[PDB]
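S.K.: Let me give you the structure first, and then I'll get to my questions.
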Amino acid sequence: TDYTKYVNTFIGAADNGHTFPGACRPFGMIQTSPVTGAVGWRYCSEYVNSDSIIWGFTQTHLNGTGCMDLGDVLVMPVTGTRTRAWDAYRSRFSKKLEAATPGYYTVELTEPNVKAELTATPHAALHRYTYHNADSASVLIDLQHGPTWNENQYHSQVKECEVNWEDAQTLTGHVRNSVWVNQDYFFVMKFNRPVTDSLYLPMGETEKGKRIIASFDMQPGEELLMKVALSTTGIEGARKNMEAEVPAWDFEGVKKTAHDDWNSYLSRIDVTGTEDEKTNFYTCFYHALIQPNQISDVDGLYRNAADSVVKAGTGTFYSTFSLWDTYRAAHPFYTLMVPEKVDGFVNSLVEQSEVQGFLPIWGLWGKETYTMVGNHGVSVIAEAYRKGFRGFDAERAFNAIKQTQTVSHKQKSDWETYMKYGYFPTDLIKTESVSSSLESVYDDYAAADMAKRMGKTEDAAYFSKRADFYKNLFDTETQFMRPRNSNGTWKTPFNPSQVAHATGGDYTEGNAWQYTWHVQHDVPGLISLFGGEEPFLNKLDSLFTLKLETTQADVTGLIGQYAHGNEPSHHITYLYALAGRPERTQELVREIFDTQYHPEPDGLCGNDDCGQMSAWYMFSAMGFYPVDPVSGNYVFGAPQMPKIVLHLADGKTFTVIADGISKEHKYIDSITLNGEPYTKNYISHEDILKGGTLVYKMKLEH
Ligand SMILES: [Ca+2]
Ligand SMILES: [K+]
Ligand SMILES: [K+]
Ligand SMILES: [K+]
Ligand code: NA
Ligand code: NA
Ligand code: NA
Ligand code: NA
Ligand code: NA
Ligand code: NA
Ligand code: NA
Ligand code: NA
Ligand code: NA
Ligand code: NA
Ligand code: NA
Ligand code: NA
Ligand code: NA
């Protein structure tokens, strides 16, 4: 079966989603995709489905980020007049003739009257342009272009740019830009026809990039092929990358390689359901596998955070580690379904820690962006170790964890303050005091877990003490995780609904209603703080029913104050089950499936967040979720499709059956594992990997 047919790459091409529709390989360096715009300047995302103007095609993209992006090397077919203003090469296009499938994108560009087709290898983009008009057939190569939230930034974003025509078919160059991350890239670009003339357009005073119009001698209907390979290291690295992957001009072959690569992953799960269910699921699977992105050359060389070219220990170095999001479910998903990449990811995290002094917080292009809170590379490593991954040096990995959690670092990890108080005090830490505290607690728990498993008794005791610090922020009077002053008192006034954006506030992208539940490692301890299951459940009921009338304009993703697009919320629906009311978890997961994920461009409730929203969906569809990722226990909610078969790495299969699932039959009567009654509220990683059959008998009665 061809599972790629269920991937709709336009899903999430919207303000809520921030996906890209163009061609990439799983975990690749190239995401070659259209840049679109409308009227005025859009803050974020290079493509949205409602736009009807294409600026060109860039070679690098992040999937589902809030605003960070790469968007390097804009190319655009041009016909007619060669010299124009920088913004005058754009084109309308029809939706009818735009199409995509994993590894491939095509669109008809009305203005130049050119069809564009894009495919990709791990390090190269390959384009095929058909010039219906071949009048001064040309290509714009725009090295100034990049994704910025305003136009002033756009015209100043390049710090350095050098290009060279090596011959009539080959352009090479180097760009450094600054916006979201300090990025150096090098490229080799080749055309399959000789360039007959080239022109540099005049650049703005602050523009350090270049805009090149390259021309070709062509006739109507003729094709031009362009390939471009990138490198972090140098032009020779880019050349070697190209030679390894696109040595000639085999467009159909590259497209097929990409198709087959995607199917080699997607075929690891067989979903039975409606067409829409399969489209939702396989598109999620696709989104989860776009990143982390390989950025090393084919020989393992990469440019690291010290701006030095070095060799990856494993031969491959990855970045794009959106760890605040992904530690929660995307990383667990890789441990199950993409285990052969986990050791490589851990090695990449550790190597960068050894350069910068702490694990990547939000790693991009091998650099640090410091985005969001916590240090959740710690969870990823501890989880991998707990689950039996041994393709990394555990001593080096634990040293990275220990340095991360005990040596203070930017932007938020002031451990002297933290250990003085047992929390980050709101009066001393201007923003995110509570979110940074509670999220750091999880990392200390993870550190303790790995320490215990390595027999590091003293370290385990140290980190276990820190893992209890969540208790220091729970106000029993109001029953919220509440900001706390350095003098011990609670912050007043206190509005538990007030959303924080570091406008400021003590939480991250949310409020106390969400963060009160952020104790993934010790849900029993949190229940105890509440005074038992009954008051805990009463407070959850309030979370899911509280709507605000004077604020909170877009309620996108919200069920009361539960915010499905905000990652702190992702484990919350499962807390009902963990407090002895699983039928409510079952109802709520179904509600999320009914409302928050549809197989349409505008069908997502929120940005995909580098595969985290997608991994949430895939786990929840199977009926279990990693509330506590390091534990390797998956807490039951309810399956959402009739049957899901996992093909595991050793040839075993784990089959999930939602026996009798329907619109109203959404509750679980009973669970059997390998034919025997199963009464625990979770299933272990080990039990999944053993293979077999998990049958949820579905019912109406509740
Ligand atoms: Ca989010
Ligand atoms: K923009
Ligand atoms: K860039
Ligand atoms: K279409
Ligand atoms: Na425009
Ligand atoms: Na089109
Ligand atoms: Na011509
Ligand atoms: Na950049
Ligand atoms: Na021509
Ligand atoms: Na590189
Ligand atoms: Na994790
Ligand atoms: Na989690
Ligand atoms: Na992982
Ligand atoms: Na890395
Ligand atoms: Na990184
Ligand atoms: Na992990
Ligand atoms: Na979660």
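Letters for chains follow the order of the structure tokens (A, B, ...), residue numbers begin at 1 for each chain, and ligand numbers begin at 1 in the order shown.
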Neighbours of ligand 6 within 9 Å, counting only C-alpha atoms and all ligand atoms, as an NGL selection string?

M.R.: :A and (92-99 or 106-110 or 115-116)

S.K.: Pull C-alpha atoms from the residues just selected and write them as a short mmCIF file (atom, residue, chain, number, x, y, z; two decimals), in the first residue's frame.

M.R.:
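out_25.cif, written as the output of this step:
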data_model
loop_
_atom_site.label_atom_id
_atom_site.label_comp_id
_atom_site.auth_asym_id
_atom_site.auth_seq_id
_atom_site.Cartn_x
_atom_site.Cartn_y
_atom_site.Cartn_z
CA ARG A 92 -0.33 34.63 -8.97
CA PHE A 93 -1.20 30.95 -9.17
CA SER A 94 -4.23 28.70 -9.29
CA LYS A 95 -5.03 26.32 -6.45
CA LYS A 96 -6.50 23.85 -8.95
CA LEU A 97 -3.09 23.04 -10.45
CA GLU A 98 -1.10 23.19 -7.20
CA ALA A 99 -0.30 19.71 -5.84
CA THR A 106 4.17 21.46 -8.19
CA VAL A 107 2.45 24.74 -9.04
CA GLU A 108 1.61 26.76 -12.15
CA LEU A 109 3.01 30.33 -11.97
CA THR A 110 0.69 32.63 -13.97
CA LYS A 115 5.33 25.38 -14.26
CA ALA A 116 7.49 24.63 -11.22
#

S.K.: Please list as a ChimeraX atom specification every residue within 12 Å of residue 551 in chain A, counting only C-alpha atoms and excluding residues in the same chain fewer than 2 positions away.

M.R.: /A:497-499,547-549,553-555

S.K.: Take the residues from that selection and put them in a file with N, CA, C and O atoms, as a PDB file, in the first residue's frame.

M.R.:
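Output contents, as saved in result38.pdb:
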ATOM      1  N   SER A 497      -6.451  33.107  35.563  1.00  0.00           N
ATOM      2  CA  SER A 497      -6.840  33.044  34.160  1.00  0.00           C
ATOM      3  C   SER A 497      -5.927  33.896  33.275  1.00  0.00           C
ATOM      4  O   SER A 497      -5.928  33.728  32.057  1.00  0.00           O
ATOM      5  N   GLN A 498      -5.165  34.817  33.880  1.00  0.00           N
ATOM      6  CA  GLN A 498      -4.359  35.768  33.132  1.00  0.00           C
ATOM      7  C   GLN A 498      -3.254  35.052  32.355  1.00  0.00           C
ATOM      8  O   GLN A 498      -2.403  34.396  32.952  1.00  0.00           O
ATOM      9  N   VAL A 499      -3.251  35.227  31.026  1.00  0.00           N
ATOM     10  CA  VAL A 499      -2.289  34.553  30.170  1.00  0.00           C
ATOM     11  C   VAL A 499      -0.993  35.361  30.166  1.00  0.00           C
ATOM     12  O   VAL A 499      -1.020  36.586  30.064  1.00  0.00           O
ATOM     13  N   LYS A 547     -15.041  29.740  30.986  1.00  0.00           N
ATOM     14  CA  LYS A 547     -14.887  30.614  29.829  1.00  0.00           C
ATOM     15  C   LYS A 547     -14.841  32.068  30.295  1.00  0.00           C
ATOM     16  O   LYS A 547     -15.564  32.437  31.221  1.00  0.00           O
ATOM     17  N   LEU A 548     -14.002  32.878  29.626  1.00  0.00           N
ATOM     18  CA  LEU A 548     -13.851  34.297  29.926  1.00  0.00           C
ATOM     19  C   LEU A 548     -14.626  35.124  28.902  1.00  0.00           C
ATOM     20  O   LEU A 548     -14.627  34.803  27.714  1.00  0.00           O
ATOM     21  N   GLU A 549     -15.244  36.214  29.372  1.00  0.00           N
ATOM     22  CA  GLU A 549     -16.166  36.997  28.561  1.00  0.00           C
ATOM     23  C   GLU A 549     -15.504  38.280  28.056  1.00  0.00           C
ATOM     24  O   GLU A 549     -15.835  38.733  26.961  1.00  0.00           O
ATOM     25  N   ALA A 553      -9.750  36.530  23.145  1.00  0.00           N
ATOM     26  CA  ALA A 553     -10.540  36.757  21.946  1.00  0.00           C
ATOM     27  C   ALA A 553     -10.719  35.455  21.169  1.00  0.00           C
ATOM     28  O   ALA A 553     -11.850  34.999  21.005  1.00  0.00           O
ATOM     29  N   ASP A 554      -9.615  34.854  20.697  1.00  0.00           N
ATOM     30  CA  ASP A 554      -9.718  33.584  19.992  1.00  0.00           C
ATOM     31  C   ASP A 554      -9.661  32.447  21.010  1.00  0.00           C
ATOM     32  O   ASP A 554      -8.706  32.309  21.777  1.00  0.00           O
ATOM     33  N   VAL A 555     -10.724  31.640  21.000  1.00  0.00           N
ATOM     34  CA  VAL A 555     -10.839  30.479  21.860  1.00  0.00           C
ATOM     35  C   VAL A 555     -10.400  29.247  21.065  1.00  0.00           C
ATOM     36  O   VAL A 555     -10.809  28.127  21.371  1.00  0.00           O
TER      37      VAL A 555
END

S.K.: Counting only C-alpha atoms, what is within 10 Å of residue 228 in chain A, bar same-chain residues fewer than 2 positions away, as a list in words?

M.R.: residues 30, 59, 73, 120, 123, 124, 125, 126, 127, 170, 171, 172, 187, 188, 189, 190, 191, 226, 230, 238, 239, 241, 242 and 246 of chain A

S.K.: For the selection just defined, write its residues with N, CA, C and O atoms to a file, as a CSV table (one decimal), in the first residue's frame.

M.R.:
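The new file result.csv reads:
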chain,number,residue,atom,x,y,z
A,30,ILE,N,16.9,19.7,3.8
A,30,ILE,CA,16.2,20.5,2.8
A,30,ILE,C,14.7,20.3,2.9
A,30,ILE,O,14.2,19.2,2.9
A,59,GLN,N,14.7,26.9,0.5
A,59,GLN,CA,15.2,25.5,0.5
A,59,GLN,C,15.2,24.9,1.9
A,59,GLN,O,15.5,23.7,2.1
A,73,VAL,N,17.8,30.8,0.5
A,73,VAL,CA,18.0,30.8,-1.0
A,73,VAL,C,16.7,30.7,-1.7
A,73,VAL,O,16.2,29.7,-2.2
A,120,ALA,N,13.5,16.8,-3.5
A,120,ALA,CA,14.5,17.0,-2.5
A,120,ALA,C,15.2,15.6,-2.2
A,120,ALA,O,14.5,14.6,-2.1
A,123,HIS,N,20.2,16.7,1.4
A,123,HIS,CA,21.0,17.9,1.4
A,123,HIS,C,20.8,18.8,0.1
A,123,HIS,O,21.4,19.8,0.0
A,124,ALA,N,20.0,18.3,-0.8
A,124,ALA,CA,19.8,19.1,-2.1
A,124,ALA,C,18.3,19.2,-2.4
A,124,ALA,O,17.5,18.4,-2.2
A,125,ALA,N,18.0,20.4,-3.1
A,125,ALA,CA,16.8,20.6,-3.8
A,125,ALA,C,17.0,20.4,-5.3
A,125,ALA,O,18.1,20.9,-5.8
A,126,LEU,N,16.1,19.9,-6.0
A,126,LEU,CA,16.1,19.7,-7.4
A,126,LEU,C,14.8,20.2,-7.9
A,126,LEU,O,13.7,19.7,-7.5
A,127,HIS,N,14.9,21.2,-8.8
A,127,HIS,CA,13.7,21.8,-9.4
A,127,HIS,C,13.6,21.6,-10.9
A,127,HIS,O,14.7,21.6,-11.6
A,170,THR,N,27.3,26.9,-13.0
A,170,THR,CA,27.6,26.6,-11.6
A,170,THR,C,27.8,27.9,-10.8
A,170,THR,O,28.7,28.7,-11.1
A,171,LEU,N,27.0,28.2,-9.8
A,171,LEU,CA,27.1,29.3,-8.9
A,171,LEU,C,27.3,28.8,-7.5
A,171,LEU,O,26.6,27.8,-7.1
A,172,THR,N,28.3,29.3,-6.8
A,172,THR,CA,28.6,28.9,-5.4
A,172,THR,C,28.5,30.1,-4.5
A,172,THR,O,28.7,31.3,-5.0
A,187,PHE,N,26.6,27.1,-0.4
A,187,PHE,CA,25.8,26.4,-1.4
A,187,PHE,C,26.5,26.2,-2.7
A,187,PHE,O,27.5,27.0,-3.0
A,188,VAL,N,26.2,25.2,-3.4
A,188,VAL,CA,26.5,25.0,-4.8
A,188,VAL,C,25.2,24.8,-5.5
A,188,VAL,O,24.4,24.0,-5.2
A,189,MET,N,25.0,25.6,-6.6
A,189,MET,CA,23.8,25.6,-7.4
A,189,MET,C,24.3,25.4,-8.8
A,189,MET,O,25.2,26.1,-9.3
A,190,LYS,N,23.6,24.4,-9.5
A,190,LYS,CA,23.9,24.1,-10.8
A,190,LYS,C,22.6,24.1,-11.7
A,190,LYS,O,21.5,23.8,-11.2
A,191,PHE,N,22.8,24.5,-13.0
A,191,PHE,CA,21.7,24.5,-13.9
A,191,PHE,C,22.1,23.5,-15.0
A,191,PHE,O,23.3,23.3,-15.3
A,226,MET,N,17.4,22.8,-12.1
A,226,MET,CA,18.3,23.5,-11.1
A,226,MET,C,18.4,22.6,-9.9
A,226,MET,O,17.4,22.2,-9.4
A,230,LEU,N,23.2,22.4,0.1
A,230,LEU,CA,23.6,23.3,1.2
A,230,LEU,C,24.6,22.5,2.1
A,230,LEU,O,24.7,21.3,2.1
A,238,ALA,N,29.2,21.4,0.5
A,238,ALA,CA,28.0,21.4,-0.3
A,238,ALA,C,28.2,20.6,-1.6
A,238,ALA,O,27.3,19.9,-2.1
A,239,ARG,N,29.4,20.8,-2.3
A,239,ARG,CA,29.7,20.1,-3.5
A,239,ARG,C,29.6,18.6,-3.3
A,239,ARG,O,29.0,17.8,-4.1
A,241,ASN,N,28.1,17.0,-0.9
A,241,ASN,CA,26.7,16.6,-0.6
A,241,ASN,C,25.9,16.4,-1.9
A,241,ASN,O,25.2,15.4,-2.1
A,242,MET,N,26.1,17.3,-2.8
A,242,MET,CA,25.4,17.2,-4.1
A,242,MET,C,25.8,16.0,-4.9
A,242,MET,O,25.0,15.3,-5.4
A,246,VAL,N,22.6,14.0,-5.9
A,246,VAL,CA,22.1,14.4,-7.2
A,246,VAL,C,23.3,14.6,-8.1
A,246,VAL,O,23.6,15.8,-8.5

S.K.: Taking the backbone alone, and naming residues the way the document does, which bits of range 470-638 of chain A are strand (DSSP E) by DSSP, as an MDAnalysis selection string?

M.R.: chainID A and resid 474:475 480:481 558:559 562:563 624:628 633:636

S.K.: Skipping near chain neighbours, those fewer than 2 positions away, what residues fall within 9 Å of residue 402 in chain A using only C-alpha atoms, listed as a list in words?

M.R.: residues 358, 378, 397, 398, 399, 400, 404, 405, 406, 407, 447 and 459 of chain A

S.K.: Just the selected residues (N, CA and C atoms), exported as an mmCIF file, in the first residue's frame, please.

M.R.:
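Contents of part_16.cif, as written:
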data_model
loop_
_atom_site.group_PDB
_atom_site.id
_atom_site.type_symbol
_atom_site.label_atom_id
_atom_site.label_comp_id
_atom_site.auth_asym_id
_atom_site.auth_seq_id
_atom_site.Cartn_x
_atom_site.Cartn_y
_atom_site.Cartn_z
ATOM 1 N N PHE A 358 25.727 23.459 28.320
ATOM 2 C CA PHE A 358 24.438 22.945 28.744
ATOM 3 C C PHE A 358 23.770 22.373 27.507
ATOM 4 N N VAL A 378 17.243 17.123 28.918
ATOM 5 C CA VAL A 378 17.462 16.228 30.043
ATOM 6 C C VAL A 378 16.459 15.068 30.000
ATOM 7 N N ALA A 397 26.739 11.606 28.659
ATOM 8 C CA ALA A 397 25.364 12.076 28.614
ATOM 9 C C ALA A 397 24.909 12.530 30.000
ATOM 10 N N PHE A 398 25.209 11.745 31.038
ATOM 11 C CA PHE A 398 24.832 12.156 32.380
ATOM 12 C C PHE A 398 25.599 13.411 32.806
ATOM 13 N N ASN A 399 26.876 13.522 32.424
ATOM 14 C CA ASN A 399 27.640 14.722 32.728
ATOM 15 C C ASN A 399 26.956 15.947 32.118
ATOM 16 N N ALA A 400 26.450 15.806 30.881
ATOM 17 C CA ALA A 400 25.721 16.886 30.237
ATOM 18 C C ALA A 400 24.488 17.278 31.055
ATOM 19 N N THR A 404 23.999 20.789 33.072
ATOM 20 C CA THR A 404 22.826 21.558 32.699
ATOM 21 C C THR A 404 22.048 21.978 33.947
ATOM 22 N N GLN A 405 21.883 21.056 34.904
ATOM 23 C CA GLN A 405 20.999 21.303 36.031
ATOM 24 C C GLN A 405 21.701 21.960 37.219
ATOM 25 N N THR A 406 23.045 22.041 37.212
ATOM 26 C CA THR A 406 23.763 22.569 38.366
ATOM 27 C C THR A 406 24.625 23.786 38.033
ATOM 28 N N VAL A 407 24.919 24.028 36.753
ATOM 29 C CA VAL A 407 25.681 25.200 36.356
ATOM 30 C C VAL A 407 24.739 26.176 35.655
ATOM 31 N N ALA A 447 16.782 13.663 35.779
ATOM 32 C CA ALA A 447 18.172 13.525 36.174
ATOM 33 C C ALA A 447 18.301 12.476 37.277
ATOM 34 N N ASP A 459 24.212 11.622 43.503
ATOM 35 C CA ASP A 459 23.529 12.459 42.525
ATOM 36 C C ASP A 459 22.025 12.195 42.533
#

S.K.: Per DSSP on the backbone, filter range 251-374 of chain A down to the residues in helix (DSSP H, G or I) and report them as a PyMOL selection string.

M.R.: chain A and resi 251-266+275-288+323-326+330-337+339-356

S.K.: Can you tell me which residues come within 10 Å of ligand 17 when counting only C-alpha atoms and all ligand atoms, ideally as number ranges by chain?

M.R.: A: 325-330, 518, 520, 566-574, 612-613, 615-616, 625-629

S.K.: Can you pull out the residues contacting residue 291 in chain A? Cut-off 6 Å, using only C-alpha atoms, and skip same-chain residues under 2 positions away; I want them as a compact mmCIF listing (two decimals) with N, CA, C and O atoms, in the first residue's frame.

M.R.:
# COMPACT_ATOMS: atom_id res chain seq x y z
N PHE A 27 13.72 13.77 8.35
CA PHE A 27 14.88 14.22 9.11
C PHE A 27 15.94 14.87 8.22
O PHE A 27 17.14 14.86 8.54
N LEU A 289 8.07 13.48 11.44
CA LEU A 289 9.31 12.94 10.89
C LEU A 289 10.07 13.96 10.04
O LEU A 289 11.12 13.65 9.51
N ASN A 293 16.35 17.89 12.11
CA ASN A 293 16.95 18.01 10.79
C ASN A 293 18.43 17.66 10.85
O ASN A 293 19.17 18.25 11.64

S.K.: Looking at only C-alpha atoms, which of A:103, A:39, A:10, A:145 is the one that sits closest to residue 74 in chain A?

M.R.: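 Once distances to residue 74 in chain A are computed over only C-alpha atoms, the minimum belongs to A:145.
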
S.K.: With a distance cut-off of 12 Å and only C-alpha atoms, select the neighbouring residues of residue 260 in chain A, excluding the residue or stretch itself and same-chain residues fewer than 5 positions from it, and output the selection as a list in words.

M.R.: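 These residues fall inside the cut-off: residues 1, 2, 3, 4, 25, 26, 101, 102, 103, 104, 121, 253, 254, 255, 265, 266 and 267 of chain A.
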
S.K.: Using N, CA, C and O atoms, can you export the residues from the last selection as a tab-separated table (two decimals), in the first residue's frame?

M.R.:
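Okay, part-v1.tsv is ready:
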chain	number	residue	atom	x	y	z
A	1	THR	N	0.85	-1.22	0.00
A	1	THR	CA	0.00	0.00	0.00
A	1	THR	C	0.87	1.25	0.00
A	1	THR	O	1.95	1.28	0.60
A	2	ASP	N	0.37	2.29	-0.66
A	2	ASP	CA	1.07	3.56	-0.72
A	2	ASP	C	0.50	4.52	0.33
A	2	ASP	O	-0.45	5.25	0.06
A	3	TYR	N	1.11	4.57	1.52
A	3	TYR	CA	0.63	5.37	2.63
A	3	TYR	C	0.84	6.86	2.38
A	3	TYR	O	0.20	7.70	3.00
A	4	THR	N	1.76	7.20	1.47
A	4	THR	CA	1.99	8.61	1.14
A	4	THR	C	0.72	9.26	0.60
A	4	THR	O	0.57	10.48	0.70
A	25	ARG	N	12.79	15.31	2.75
A	25	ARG	CA	13.00	13.94	3.18
A	25	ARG	C	12.84	13.87	4.69
A	25	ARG	O	13.10	14.85	5.40
A	26	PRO	N	12.49	12.69	5.25
A	26	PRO	CA	12.46	12.52	6.70
A	26	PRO	C	13.79	12.91	7.32
A	26	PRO	O	14.85	12.47	6.87
A	101	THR	N	2.83	15.74	-2.80
A	101	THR	CA	2.86	14.44	-2.15
A	101	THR	C	4.23	14.34	-1.49
A	101	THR	O	5.18	14.97	-1.96
A	102	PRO	N	4.41	13.58	-0.39
A	102	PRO	CA	5.73	13.51	0.23
A	102	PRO	C	6.87	13.36	-0.77
A	102	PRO	O	6.91	12.42	-1.57
A	103	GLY	N	7.78	14.33	-0.74
A	103	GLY	CA	8.93	14.37	-1.63
A	103	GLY	C	8.73	15.24	-2.87
A	103	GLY	O	9.65	15.33	-3.68
A	104	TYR	N	7.57	15.88	-3.04
A	104	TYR	CA	7.23	16.53	-4.30
A	104	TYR	C	6.21	17.65	-4.14
A	104	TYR	O	5.25	17.52	-3.38
A	121	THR	N	16.47	15.73	-1.88
A	121	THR	CA	17.26	14.72	-1.20
A	121	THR	C	17.55	15.24	0.20
A	121	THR	O	17.10	16.32	0.57
A	253	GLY	N	13.83	10.05	-10.67
A	253	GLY	CA	14.50	9.15	-9.74
A	253	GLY	C	14.58	9.72	-8.33
A	253	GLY	O	14.37	9.00	-7.36
A	254	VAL	N	14.92	11.01	-8.22
A	254	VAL	CA	14.99	11.67	-6.92
A	254	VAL	C	13.60	11.67	-6.29
A	254	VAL	O	13.45	11.39	-5.10
A	255	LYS	N	12.58	11.99	-7.09
A	255	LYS	CA	11.20	12.01	-6.62
A	255	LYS	C	10.83	10.63	-6.08
A	255	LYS	O	10.21	10.52	-5.03
A	265	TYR	N	8.96	4.74	6.29
A	265	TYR	CA	8.54	5.12	7.63
A	265	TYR	C	7.03	4.95	7.82
A	265	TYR	O	6.61	4.39	8.82
A	266	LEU	N	6.23	5.49	6.89
A	266	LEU	CA	4.79	5.52	7.09
A	266	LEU	C	4.21	4.11	7.18
A	266	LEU	O	3.26	3.87	7.93
A	267	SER	N	4.80	3.17	6.43
A	267	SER	CA	4.34	1.78	6.42
A	267	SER	C	4.57	1.07	7.76
A	267	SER	O	4.10	-0.05	7.96

S.K.: Just checking: using only C-alpha atoms, which residue out of A:294, A:48, A:334, A:272 ends up closest to residue 31 in chain A?

M.R.: A:294
